[PDB]
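Take a look at this single chain, the form deposited in one PDB entry, given in structure tokens.
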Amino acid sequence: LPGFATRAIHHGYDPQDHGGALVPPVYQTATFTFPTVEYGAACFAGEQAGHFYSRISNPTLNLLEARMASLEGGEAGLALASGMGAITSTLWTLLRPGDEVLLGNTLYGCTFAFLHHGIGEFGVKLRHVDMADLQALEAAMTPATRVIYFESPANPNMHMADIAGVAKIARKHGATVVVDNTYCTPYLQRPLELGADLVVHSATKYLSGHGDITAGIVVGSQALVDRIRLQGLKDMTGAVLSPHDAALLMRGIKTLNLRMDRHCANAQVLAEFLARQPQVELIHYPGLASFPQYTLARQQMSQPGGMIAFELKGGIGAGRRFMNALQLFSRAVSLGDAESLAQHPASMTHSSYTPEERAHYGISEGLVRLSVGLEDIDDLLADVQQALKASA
């Protein structure tokens, strides 16, 4: 088994099959032709290796998919136009009216909205469970429980889930476990190795790494991914990834190990700095010894990540003053870019929640979320320092 970095660069491609091209050619084409109509018929009937239409399948996409499958340790991958494309295609495929889906307590805003205002209004029942409490989950299981879906760590408060414990219970009741692995990437956490059936990503974030594409990935078993490809994507979402963006995403993945090492090292220093400060009420960072689920985080994640959540004394008032004073960090939603970013979840990425939904799903009105970038740590420390002083 070649190492992670080796596979991120090489897996599924030999230059000698494409005229010696070191970088795979980009198949920017909507359709593919057939040598005979019988050959083509066979492609549609599903009984043939090949290609017919890029919404169903495309060789640039297929390479990205195989490579992502290798990094997560799954059988099959699927590339989509966005993270939301990956989540919707998956959930539209696996659920029908009268199925239940058990969710983690805190979700990304558009995932929450899709669940409650989207698929939830088509007869699919939803219940929220703390996915670190295996007893509370087991109690929540019903015979209608088809899917278990959660993020770990969760956007935006960093709440962990016990992936292996959830999976044991799901295996017992015949439930499909789907884990949003956006924050960690396969370099830091591999939920499939801990018993998840499917992983989904916003490849828009760390996997791309450079903020220039929107994309989604699904990885899991051949049987589940085939269904998601041929139903969710083909017929229910049409969330097709551009071959151009797929080739940029592959370009990004080639440095994923190096970039994540630096995001993690920078974020550790900033977290430890923010811990020592009087303006800071509390911090959620997995790599601080004081993190409430430090032990569980270490059994699942090989490093503590690039994301920090924290609150100031002064609440939202001091939050605004801090964020508005940042000169190197930018004020923006998104994460996992080379550029360091800051945002206010309640009024931005989680503004789809009502104030009461925000309150009891653990999205504070004072919370600031930092995506720590690849800039020099001293420049980033200086920027945070002066913004804290301006926030007082």
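The term rigid core refers to the most C-alpha atoms you can superpose between the two forms while keeping them within 1.5 Å. Heads up: residue numbers just count along the shown sequence, starting at 1.
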query	finding
Check: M301 without coordinates in a third or more of other entries	yes
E38 coordinate gap across at least a third of other entries	yes
Of 109-117 and 83-91, the stretch whose C-alpha atoms average the higher B-factor in the entry	109-117
Entry-level comparison of average CA B-factors, 28-36 and 362-370, reporting the higher stretch	362-370
Highest-ranked of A223, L134, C184, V269 once sorted by CA temperature factor in the record	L134
Top residue by Cα temperature factor, when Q189, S242, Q279, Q231 are compared in the entry	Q279
Ranked C-alpha temperature factor of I316 among modelled chain residues, by third	highest
Ranked against its chain, the third holding the CA B-factor of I308	middle
Third of the chain, ranked by Cα B-factor, where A247 sits	lowest
Cα B factor band for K205 (lowest, middle or highest third within the chain)	lowest
Third of chain Cα B-factors occupied by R96	middle
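In what follows, reference is made to the form deposited in another entry, a form of this protein that is not presented.
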{"item": "Rigid-core-referenced C-alpha movement of 2 Å or more between the shown form and the other one, selected from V26, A338, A66, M348", "value": "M348"}
{"item": "Threshold 2 Å Cα movement between the shown form and the other one at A359, rigid core reference", "value": "yes"}
{"item": "Is_shifted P156 between the shown form and the other one (CA, 2 Å cut-off, rigid core)", "value": "yes"}
{"item": "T182 and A346, C-alpha gap in that other deposited form relative to this structure (3 Å or more)", "value": "farther"}
{"item": "Distance trend in that other deposited form - C-alpha atoms of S347 and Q385, change of 3 Å or more", "value": "closer"}
